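# Summary of the model geometry
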Amino acid sequence: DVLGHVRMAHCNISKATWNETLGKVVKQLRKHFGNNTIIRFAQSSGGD
Amino acid sequence: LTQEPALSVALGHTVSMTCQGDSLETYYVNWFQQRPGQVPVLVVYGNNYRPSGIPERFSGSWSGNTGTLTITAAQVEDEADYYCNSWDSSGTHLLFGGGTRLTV
Amino acid sequence: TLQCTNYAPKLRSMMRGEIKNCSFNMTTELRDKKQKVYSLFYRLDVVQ
Amino acid sequence: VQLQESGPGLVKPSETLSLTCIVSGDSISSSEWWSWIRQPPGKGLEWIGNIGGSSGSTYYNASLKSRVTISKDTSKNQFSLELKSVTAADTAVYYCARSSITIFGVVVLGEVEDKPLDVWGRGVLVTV
Ligand SMILES: *[C@@H]1O[C@H](CO)[C@@H](O[C@@H]2O[C@H](CO)[C@@H](O[C@@H]3O[C@H](CO[C@H]4O[C@H](CO)[C@@H](O)[C@H](O)[C@@H]4O)[C@@H](O)[C@H](O[C@H]4O[C@H](CO)[C@@H](O)[C@H](O)[C@@H]4O[C@H]4O[C@H](CO)[C@@H](O)[C@H](O)[C@@H]4O)[C@@H]3O)[C@H](O)[C@H]2NC(C)=O)[C@H](O)[C@H]1NC(C)=O
Ligand SMILES: *[C@@H]1O[C@H](CO)[C@@H](O[C@@H]2O[C@H](CO)[C@@H](O[C@@H]3O[C@H](CO)[C@@H](O)[C@H](O)[C@@H]3O)[C@H](O)[C@H]2NC(C)=O)[C@H](O)[C@H]1NC(C)=O
Ligand SMILES: *[C@@H]1O[C@H](CO)[C@@H](O[C@@H]2O[C@H](CO)[C@@H](O)[C@H](O)[C@H]2NC(C)=O)[C@H](O)[C@H]1NC(C)=O
Ligand SMILES: *[C@@H]1O[C@H](CO)[C@@H](O)[C@H](O)[C@H]1NC(C)=O
Ligand SMILES: *[C@@H]1O[C@H](CO)[C@@H](O)[C@H](O)[C@H]1NC(C)=O
Ligand SMILES: *[C@@H]1O[C@H](CO)[C@@H](O)[C@H](O)[C@H]1NC(C)=O
Ligand SMILES: *[C@@H]1O[C@H](CO)[C@@H](O)[C@H](O)[C@H]1NC(C)=O
């Protein structure tokens, strides 16, 4: 039995920290892909 | 929704008022009480939750596709029309029983 | 073969339909007997 | 929170009835549903329709829907029910009411519960 309400498992990540981390990653990608190249992140598509 | 047109109980005795319908598989029964000439109030809502201000006599069950409001040792102050209120399966928020006339 | 229904038929959170209440016969310590077991399973582990 | 209602009272057949619900101690823009319910003396509490307080989405009673309009004014925290082609069947007490949402878990995951009619107004009696 569930001893109370059924709740979904989840994870929390601070938005500001992720935004700064991702920006740093983008700068390092630009060093290989170009200073004027657009870097876009997207969710995984196919697979299980 | 269909519900018992009336129920007659002696003063001080427990009653059980039961409603039935098809939408109750996915929605909770919300029991309301309206004394004639008075503004109706919410008695039981959701997963057998009791709003503040309602005596502990009022409780219930949503088993199957029915709902039951039980009033332990019904008092003279509880003489009112009772209604089993729930939402329709299409998402429309109206599905409402005819009402049970409770006489104590 | 499992016979299952929804654990919380009246739930509107993202957990609606995620936990199923399944019944099965299993086995017992003796080879002559069977029992009836009810347990909850996650949707992702059970195939219709 | 308190709810109050007012309107024309007696109207003639085929006239349009307009009822207004006002609030005390609340803000309609909250994530709550506001509704209108009709109760003639010989019947129970038959819902008229509703409007979402925060979004303006509405639902109506299918047997009534084509002749009923429900709207809200964010300014002045008010609601109104406009009923066209009023007939003898509408000689009933009209009520405004609000629903509420309780929270037990994470709001963005839908871990909420409905409490459909928490506060009722006193209503108004209209005639035709
Ligand atoms: C990731 O980040 C998210 C936020 O982005 C965070 O979600 C938050 O989770 C907490 C739970 O951990 C949620 O807290 C609930 O909030 C509601 C609503 O709060 C209002 O009311 C309280 C009243 O005290 C005010 O203080 C508050 O300011 C608001 O006005 C509460 O109702 C919840 O309380 C119920 O559950 C508690 C469990 O401890 C009970 O102790 C409490 O009494 C309440 O009980 C319920 O059950 C009772 C059964 O008898 C019933 O009688 C009660 O009436 C009631 O139904 C709880 O405090 C918070 O809202 C979430 N925030 C959002 C935005 O969703 C995640 O937790 C976080 N995760 C991680 C891993 O970091
Ligand atoms: C809003 O929609 C509801 C349907 O969900 C309408 O309710 C229906 O109204 C009619 C008119 O009175 C009811 O018929 C009557 O029922 C009583 C039952 O005691 C009977 O004695 C009468 O002779 C007549 O048959 C009908 O039962 C009722 N259905 C319900 C409540 O499910 C309601 O009228 C609509 N509102 C408007 C303003 O049209
Ligand atoms: C899974 O569903 C069964 C019923 O289909 C639950 O067993 C019932 O539990 C109630 C109490 O809530 C008893 O009154 C019934 O007699 C039980 N029925 C049987 C056949 O035993 C079972 O508890 C559910 N599983 C969980 C984890 O709650
Ligand atoms: C995780 O929990 C810690 C406390 O143990 C808190 O200080 C930290 O901010 C939390 N992180 C997030 C992303 O919520
Ligand atoms: C943070 O998020 C905003 C979202 O508009 C984005 O424009 C910005 O580049 C991100 N990074 C920083 C460092 O602000
Ligand atoms: C990108 O900018 C850096 C300066 O931060 C410069 O050294 C580098 O040569 C530039 N690359 C291109 C391809 O323009
Ligand atoms: C368990 O076995 C019995 C036969 O002894 C059968 O009737 C019953 O349906 C079985 N239970 C399930 C969940 O299949």
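Residues numbered from 1 in each chain as written, not as in the entry; some residues may be left out. Chains lettered and ligands numbered in written order. Part of a larger assembly, values for the part shown. Heavy atoms only, no water.

The record names cryo-EM as the way this model was obtained, at a resolution of 3.2 Å.

We now examine the overall build of chain D. Scanning chain D for helices and strands turns up 0 helices and 10 strands. The C-alpha radius of gyration of chain D comes to 15 Å, within 12% of the 14 Å expected for a compact globule of 128 residues. Along the first, second and third principal axes, the C-alpha set of chain D runs to 50 × 30 × 25 Å. Within the span of chain D, comprising 128 residues, buried residues form 45% of the whole. (Helix = DSSP H or I, 4+ residues; strand = E, 2+ residues; numbered from the N terminus. Rg over C-alpha atoms; globule rule 2.2 N^0.38 Å. Buried < 20%, exposed > 50% of the residue type's maximum accessible area, 1.4 Å probe, protein only.)

Looking now at empty space enclosed by the protein. Where empty space is left in the structure can be found by rolling a water-sized probe over the atoms. Residues and elements named next belong to chain D. With the rule as written, the count across this model stands at 1 cavity of 30 Å³ or more. There is about 150 Å³ of room inside the largest cavity. Secondary structure elements with two or more residues in the lining of the largest cavity: β3 (33-39), β4 (46-52) and β9 (112-120). Tallying contributions element by element places β3 first for the lining of the largest cavity, with 3 residues. Here the residues of the lining of the largest cavity sort into 9 nonpolar, 5 polar and no charged. (1 Å grid on protein atoms, 1.4 Å probe; cavity = no way out; pocket = protein on both sides within 12 Å on 5 of 7 lines; lining within 4 Å. Points joined across faces, edges and corners; volume = space filled by probe spheres on them. Nonpolar A, V, L, I, M, F, W, Y, C, P; charged D, E, K, R; others polar.)

Another point: the state of the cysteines. Counting across every chain of the model gives 3 disulfides over all chains. Paired by a disulfide, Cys4 of chain C and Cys22 of chain C hold their sulfur atoms 2.0 Å apart. In this structure the cystine formed by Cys4 of chain C and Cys22 of chain C twists about its S-S bond by roughly 105 degrees; its chirality is therefore right-handed. Taken together, the residues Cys4 of chain C in strand β1 (residues 3-6) and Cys22 of chain C in strand β2 (residues 19-24) connect sequence positions 18 residues apart. Classification of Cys4 of chain C as partly exposed rests on a relative accessible area of 37%. Each sulfur in the disulfide pair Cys21 of chain D and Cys96 of chain D lies 2.0 Å from the other. Given an S-S torsion of about 55 degrees, the disulfide between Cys21 of chain D and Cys96 of chain D has right-handed geometry. One end of the pair, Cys21 of chain D, is in strand β2 (residues 17-24); the other, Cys96 of chain D, is in strand β8 (residues 93-103), with 75 residues separating them in the sequence. Residue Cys21 of chain D is classed as buried on the basis of its relative accessible area, which comes to 0%. (Disulfide = S-S within 2.5 Å.)

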